[PDB]
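What follows is a short report on a single structure.
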Amino acid sequence: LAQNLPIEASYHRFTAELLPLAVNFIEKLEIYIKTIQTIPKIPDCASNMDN
Amino acid sequence: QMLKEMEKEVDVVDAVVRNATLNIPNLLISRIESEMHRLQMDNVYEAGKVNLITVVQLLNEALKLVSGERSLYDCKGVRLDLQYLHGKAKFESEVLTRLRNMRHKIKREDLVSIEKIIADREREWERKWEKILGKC
Amino acid sequence: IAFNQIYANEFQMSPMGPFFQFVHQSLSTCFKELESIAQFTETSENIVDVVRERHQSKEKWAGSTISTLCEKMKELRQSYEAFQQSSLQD
Amino acid sequence: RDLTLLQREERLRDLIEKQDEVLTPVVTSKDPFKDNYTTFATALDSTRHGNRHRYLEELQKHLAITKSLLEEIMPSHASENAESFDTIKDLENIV
């Protein structure tokens, strides 16, 4: 509603998983860009489907 | 009466309540090469190990590209009306069920009754004429 | 009472740990959002094709004549309209 | 006749008294609840649509940029959009 490495143990997870996540994003960058280009067609796509 | 009037709200509320090889895309390479003078980036792999700082730097560049593209094609932010999609899936499912019920009604009720009547009539007829003719 | 109370009151070491969490959660959400937009576009196009194929496809439904599903259905409808008209004039 | 009717009325009174005792507190707190809950539900519904130390310091500098870029790129409904993926796939299969 309102809206070893010395790291604190509560945050180990976030730190360990950040690498793969970043790699994955970088590798799929082109796909994400194409997807963003299709965003203006989304209303037409919705109308054709309804018909 | 109070409990009945609050049903819709309850529903809304319930809905809420319920090995690192890096292939860098050409687009990012092209960006890094064009801005190479500005982007002091170390090698992704140093002494055979992954440099996490470089990866994060690459990620930042990638995100800038994404930011640029979103500013061009998604100025207002695209909203996929989740309620619309749920309403459409539910309706089409009902159509499918109606077609199946119709076919089941035709196959298990209507054709079974009709086929029985046809068989009785064909037998009654064959018996009647077999008696009158003494042969098939 | 408990709800009303909560509604009135609430609803009405390296310092690096919080940065990792934030970047991780934000990046993950970004992934999923873009995938969803892509899927919507694909599905909308597939549905348009399936329906088009069904309306244009010619098959031997009954007898010796090839026809679309819509044509054969129309023929069948006309035939039973004709049968019903012949029965009301009785 | 009189004895039989009196016995039945006594039973009815006992039952009504037991119910009044428990219903009175609930009816008095109703209107504030209903109003607070409805306002709450409507509000909720509107949201759905070298040295190692030196190393961590350098990393923080770049993650801070990352954090700033992600805050800029992410639309306000990004989380809602991300939840729609399964529903879209279900629609296609049904058709």
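Residue numbers start at 1 in each chain; chains themselves are named A, B, ... in the order of the structure tokens; ligands are numbered from 1 in the order shown.
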
What are the closest atom pairs, with distances in Å to one decimal, for all residues of chain B lying within 12 Å of chain C? Consider only C-alpha atoms, order rows by chain and residue number, and present the result as JSON lines.
{"residue": "B:56", "atom": "CA", "partner": "C:23", "partner_atom": "CA", "distance": 10.4}
{"residue": "B:59", "atom": "CA", "partner": "C:27", "partner_atom": "CA", "distance": 10.2}
{"residue": "B:60", "atom": "CA", "partner": "C:23", "partner_atom": "CA", "distance": 11.1}
{"residue": "B:62", "atom": "CA", "partner": "C:27", "partner_atom": "CA", "distance": 11.9}
{"residue": "B:63", "atom": "CA", "partner": "C:27", "partner_atom": "CA", "distance": 9.8}
{"residue": "B:66", "atom": "CA", "partner": "C:30", "partner_atom": "CA", "distance": 10.5}
{"residue": "B:67", "atom": "CA", "partner": "C:30", "partner_atom": "CA", "distance": 11.7}
{"residue": "B:70", "atom": "CA", "partner": "C:34", "partner_atom": "CA", "distance": 11.1}
{"residue": "B:74", "atom": "CA", "partner": "C:37", "partner_atom": "CA", "distance": 11.7}
{"residue": "B:77", "atom": "CA", "partner": "C:33", "partner_atom": "CA", "distance": 11.2}
{"residue": "B:78", "atom": "CA", "partner": "C:37", "partner_atom": "CA", "distance": 8.6}
{"residue": "B:79", "atom": "CA", "partner": "C:37", "partner_atom": "CA", "distance": 9.2}
{"residue": "B:80", "atom": "CA", "partner": "C:37", "partner_atom": "CA", "distance": 7.7}
{"residue": "B:81", "atom": "CA", "partner": "C:40", "partner_atom": "CA", "distance": 11.0}
{"residue": "B:82", "atom": "CA", "partner": "C:36", "partner_atom": "CA", "distance": 10.8}
{"residue": "B:85", "atom": "CA", "partner": "C:40", "partner_atom": "CA", "distance": 9.7}
{"residue": "B:92", "atom": "CA", "partner": "C:47", "partner_atom": "CA", "distance": 12.0}

Check which residues of chain A sit at most 10 Å from chain D using only C-alpha atoms, and return one row each with the closest pair of atoms and their distance in Å to one decimal, ordered by chain and rising number, as a Markdown table.
| residue | atom | partner | partner_atom | distance |
| --- | --- | --- | --- | --- |
| A:1 | CA | D:44 | CA | 6.4 |
| A:2 | CA | D:47 | CA | 9.9 |
| A:3 | CA | D:47 | CA | 8.6 |
| A:4 | CA | D:52 | CA | 8.6 |
| A:5 | CA | D:52 | CA | 6.8 |
| A:6 | CA | D:53 | CA | 8.0 |
| A:7 | CA | D:56 | CA | 9.3 |

Which residues of chain D come within 9 Å of chain C, and what is each one's closest atom pair and distance in Å (one decimal), counting only C-alpha atoms, sorted by chain and residue number, as a Markdown table?
| residue | atom | partner | partner_atom | distance |
| --- | --- | --- | --- | --- |
| D:29 | CA | C:1 | CA | 7.7 |
| D:32 | CA | C:4 | CA | 7.7 |
| D:33 | CA | C:4 | CA | 6.2 |
| D:36 | CA | C:4 | CA | 6.8 |
| D:37 | CA | C:7 | CA | 8.0 |
| D:39 | CA | C:12 | CA | 8.6 |
| D:40 | CA | C:11 | CA | 7.3 |
| D:53 | CA | C:14 | CA | 7.7 |
| D:56 | CA | C:16 | CA | 7.3 |
| D:57 | CA | C:16 | CA | 8.3 |
| D:59 | CA | C:16 | CA | 8.9 |
| D:60 | CA | C:16 | CA | 6.7 |
| D:63 | CA | C:19 | CA | 6.8 |
| D:64 | CA | C:19 | CA | 7.4 |
| D:66 | CA | C:23 | CA | 7.0 |
| D:67 | CA | C:23 | CA | 5.8 |
| D:70 | CA | C:26 | CA | 6.6 |
| D:71 | CA | C:26 | CA | 8.1 |
| D:73 | CA | C:30 | CA | 8.6 |
| D:74 | CA | C:30 | CA | 6.8 |
| D:78 | CA | C:33 | CA | 5.7 |
| D:79 | CA | C:29 | CA | 6.3 |
| D:80 | CA | C:33 | CA | 7.9 |
| D:81 | CA | C:33 | CA | 5.4 |
| D:82 | CA | C:33 | CA | 4.0 |
| D:83 | CA | C:36 | CA | 7.8 |
| D:84 | CA | C:36 | CA | 6.4 |
| D:85 | CA | C:36 | CA | 4.6 |
| D:86 | CA | C:36 | CA | 8.4 |
| D:88 | CA | C:40 | CA | 6.2 |
| D:89 | CA | C:43 | CA | 7.3 |
| D:91 | CA | C:43 | CA | 8.2 |
| D:92 | CA | C:43 | CA | 6.0 |
| D:95 | CA | C:47 | CA | 7.1 |

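Backbone DSSP of chain B yields strand (DSSP E or B) at residues 45, 46, 49 and 50 of chain B.
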
Using only C-alpha atoms, tabulate the residues of range 37-127 of chain B lying at most 12 Å from any atom of range 19-32 of chain B, each with its closest atom pair and that distance in Å to one decimal, by chain and increasing residue number, as a Markdown table.
| residue | atom | partner | partner_atom | distance |
| --- | --- | --- | --- | --- |
| B:37 | CA | B:32 | CA | 9.0 |
| B:38 | CA | B:32 | CA | 9.0 |
| B:39 | CA | B:32 | CA | 7.1 |
| B:40 | CA | B:32 | CA | 9.8 |
| B:41 | CA | B:32 | CA | 9.0 |
| B:42 | CA | B:32 | CA | 11.9 |
| B:43 | CA | B:22 | CA | 11.6 |
| B:44 | CA | B:22 | CA | 8.2 |
| B:45 | CA | B:22 | CA | 9.4 |
| B:48 | CA | B:21 | CA | 11.2 |
| B:49 | CA | B:20 | CA | 9.2 |
| B:50 | CA | B:20 | CA | 7.3 |
| B:51 | CA | B:20 | CA | 10.3 |
| B:52 | CA | B:20 | CA | 10.2 |
| B:54 | CA | B:22 | CA | 11.1 |
| B:55 | CA | B:22 | CA | 8.6 |
| B:56 | CA | B:22 | CA | 11.9 |
| B:57 | CA | B:32 | CA | 10.3 |
| B:58 | CA | B:28 | CA | 8.0 |
| B:59 | CA | B:28 | CA | 9.6 |
| B:60 | CA | B:28 | CA | 10.5 |
| B:61 | CA | B:28 | CA | 7.3 |
| B:62 | CA | B:28 | CA | 6.5 |
| B:63 | CA | B:28 | CA | 10.1 |
| B:64 | CA | B:28 | CA | 10.1 |
| B:65 | CA | B:28 | CA | 8.2 |
| B:66 | CA | B:28 | CA | 10.7 |

Just list the residues in chain A DSSP gives alpha helix (DSSP H) on the backbone, as a PyMOL selection string. chain A and resi 12-27+29-37+42-50

Next, write the just-selected residues to a file, as a tab-separated table (two decimals), in the first residue's frame, keeping N, CA, C and O atoms as the atom set.
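again.tsv, freshly written:
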chain	number	residue	atom	x	y	z
A	12	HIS	N	23.64	-13.71	2.26
A	12	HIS	CA	24.46	-14.65	1.51
A	12	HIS	C	23.73	-15.15	0.27
A	12	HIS	O	24.32	-15.22	-0.82
A	13	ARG	N	22.55	-15.32	0.37
A	13	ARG	CA	21.76	-15.84	-0.74
A	13	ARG	C	21.73	-14.86	-1.91
A	13	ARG	O	21.97	-15.23	-3.05
A	14	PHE	N	21.46	-13.68	-1.62
A	14	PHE	CA	21.32	-12.64	-2.63
A	14	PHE	C	22.66	-12.37	-3.31
A	14	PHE	O	22.71	-12.18	-4.52
A	15	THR	N	23.62	-12.55	-2.55
A	15	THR	CA	24.94	-12.31	-3.10
A	15	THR	C	25.37	-13.45	-4.02
A	15	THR	O	25.87	-13.22	-5.12
A	16	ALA	N	25.06	-14.66	-3.64
A	16	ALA	CA	25.46	-15.84	-4.40
A	16	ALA	C	24.67	-15.95	-5.70
A	16	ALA	O	25.21	-16.34	-6.73
A	17	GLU	N	23.52	-15.50	-5.76
A	17	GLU	CA	22.62	-15.69	-6.89
A	17	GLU	C	22.68	-14.51	-7.85
A	17	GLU	O	22.12	-14.56	-8.95
A	18	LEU	N	23.24	-13.56	-7.51
A	18	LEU	CA	23.29	-12.36	-8.34
A	18	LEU	C	24.07	-12.62	-9.63
A	18	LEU	O	23.67	-12.17	-10.70
A	19	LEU	N	25.05	-13.45	-9.60
A	19	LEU	CA	25.90	-13.69	-10.76
A	19	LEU	C	25.12	-14.39	-11.87
A	19	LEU	O	25.07	-13.90	-13.00
A	20	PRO	N	24.55	-15.45	-11.56
A	20	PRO	CA	23.78	-16.11	-12.61
A	20	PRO	C	22.67	-15.22	-13.18
A	20	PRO	O	22.40	-15.26	-14.38
A	21	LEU	N	22.11	-14.51	-12.39
A	21	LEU	CA	21.02	-13.64	-12.82
A	21	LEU	C	21.53	-12.57	-13.78
A	21	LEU	O	20.90	-12.29	-14.80
A	22	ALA	N	22.57	-12.04	-13.47
A	22	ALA	CA	23.17	-11.03	-14.32
A	22	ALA	C	23.60	-11.62	-15.66
A	22	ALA	O	23.34	-11.04	-16.72
A	23	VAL	N	24.14	-12.82	-15.63
A	23	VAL	CA	24.59	-13.49	-16.84
A	23	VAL	C	23.40	-13.78	-17.75
A	23	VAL	O	23.45	-13.51	-18.96
A	24	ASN	N	22.41	-14.23	-17.16
A	24	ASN	CA	21.20	-14.55	-17.92
A	24	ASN	C	20.59	-13.30	-18.56
A	24	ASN	O	20.18	-13.34	-19.72
A	25	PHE	N	20.59	-12.27	-17.93
A	25	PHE	CA	20.05	-11.02	-18.45
A	25	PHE	C	20.87	-10.53	-19.64
A	25	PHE	O	20.31	-10.15	-20.67
A	26	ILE	N	22.09	-10.60	-19.49
A	26	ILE	CA	22.99	-10.11	-20.53
A	26	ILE	C	22.84	-10.97	-21.79
A	26	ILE	O	22.72	-10.44	-22.89
A	27	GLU	N	22.74	-12.25	-21.62
A	27	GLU	CA	22.65	-13.18	-22.75
A	27	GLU	C	21.33	-12.99	-23.50
A	27	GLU	O	21.28	-13.15	-24.72
A	29	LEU	N	19.55	-10.22	-23.88
A	29	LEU	CA	19.36	-8.79	-24.07
A	29	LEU	C	18.65	-8.50	-25.39
A	29	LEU	O	17.68	-7.73	-25.42
A	30	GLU	N	18.97	-9.12	-26.45
A	30	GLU	CA	18.40	-8.86	-27.77
A	30	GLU	C	16.92	-9.26	-27.82
A	30	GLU	O	16.11	-8.58	-28.45
A	31	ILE	N	16.68	-10.40	-27.15
A	31	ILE	CA	15.29	-10.85	-27.09
A	31	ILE	C	14.45	-9.83	-26.33
A	31	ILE	O	13.35	-9.48	-26.76
A	32	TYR	N	15.04	-9.24	-25.25
A	32	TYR	CA	14.31	-8.27	-24.44
A	32	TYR	C	14.08	-6.98	-25.21
A	32	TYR	O	12.99	-6.40	-25.15
A	33	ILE	N	14.97	-6.66	-26.04
A	33	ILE	CA	14.84	-5.45	-26.83
A	33	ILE	C	13.73	-5.62	-27.87
A	33	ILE	O	12.89	-4.73	-28.05
A	34	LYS	N	13.63	-6.78	-28.57
A	34	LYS	CA	12.57	-7.08	-29.53
A	34	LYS	C	11.20	-7.08	-28.87
A	34	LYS	O	10.22	-6.59	-29.44
A	35	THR	N	11.24	-7.59	-27.73
A	35	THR	CA	9.99	-7.65	-26.98
A	35	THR	C	9.49	-6.24	-26.66
A	35	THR	O	8.31	-5.94	-26.83
A	36	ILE	N	10.36	-5.43	-26.34
A	36	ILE	CA	10.01	-4.06	-25.99
A	36	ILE	C	9.51	-3.32	-27.23
A	36	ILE	O	8.57	-2.53	-27.15
A	37	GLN	N	9.97	-3.70	-28.39
A	37	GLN	CA	9.59	-3.06	-29.65
A	37	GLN	C	8.18	-3.47	-30.06
A	37	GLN	O	7.51	-2.75	-30.80
A	42	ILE	N	0.63	-4.28	-29.03
A	42	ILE	CA	-0.08	-5.12	-28.07
A	42	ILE	C	-1.57	-4.82	-28.13
A	42	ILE	O	-2.39	-5.74	-28.19
A	43	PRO	N	-2.07	-3.54	-28.31
A	43	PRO	CA	-3.51	-3.28	-28.41
A	43	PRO	C	-4.13	-3.87	-29.68
A	43	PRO	O	-5.25	-4.38	-29.65
A	44	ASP	N	-3.51	-3.85	-30.77
A	44	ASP	CA	-3.99	-4.45	-32.01
A	44	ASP	C	-4.08	-5.97	-31.89
A	44	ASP	O	-5.04	-6.58	-32.37
A	45	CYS	N	-3.01	-6.51	-31.28
A	45	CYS	CA	-3.02	-7.95	-31.07
A	45	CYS	C	-4.21	-8.38	-30.23
A	45	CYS	O	-4.86	-9.38	-30.52
A	46	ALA	N	-4.51	-7.58	-29.22
A	46	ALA	CA	-5.64	-7.90	-28.35
A	46	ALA	C	-6.96	-7.79	-29.10
A	46	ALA	O	-7.82	-8.66	-28.99
A	47	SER	N	-7.16	-6.83	-30.00
A	47	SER	CA	-8.39	-6.64	-30.77
A	47	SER	C	-8.58	-7.77	-31.79
A	47	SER	O	-9.68	-8.30	-31.92
A	48	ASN	N	-7.56	-8.14	-32.51
A	48	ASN	CA	-7.63	-9.23	-33.48
A	48	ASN	C	-7.99	-10.55	-32.81
A	48	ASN	O	-8.76	-11.34	-33.35
A	49	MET	N	-7.41	-10.78	-31.75
A	49	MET	CA	-7.72	-11.99	-31.00
A	49	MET	C	-9.19	-12.01	-30.58
A	49	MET	O	-9.87	-13.02	-30.74
A	50	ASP	N	-9.70	-10.83	-30.10
A	50	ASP	CA	-11.10	-10.74	-29.70
A	50	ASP	C	-12.03	-11.03	-30.87
A	50	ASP	O	-13.00	-11.78	-30.73

Which residues come within 12 Å of residue 62 in chain C, counting only C-alpha atoms, excluding same-chain residues fewer than 5 positions away, as a PyMOL selection string? chain C and resi 67-69+71-73+75-76

Provide the CA of residue 15 in chain B to CA of residue 35 in chain D distance in Å, to one decimal place. 20.0 Å
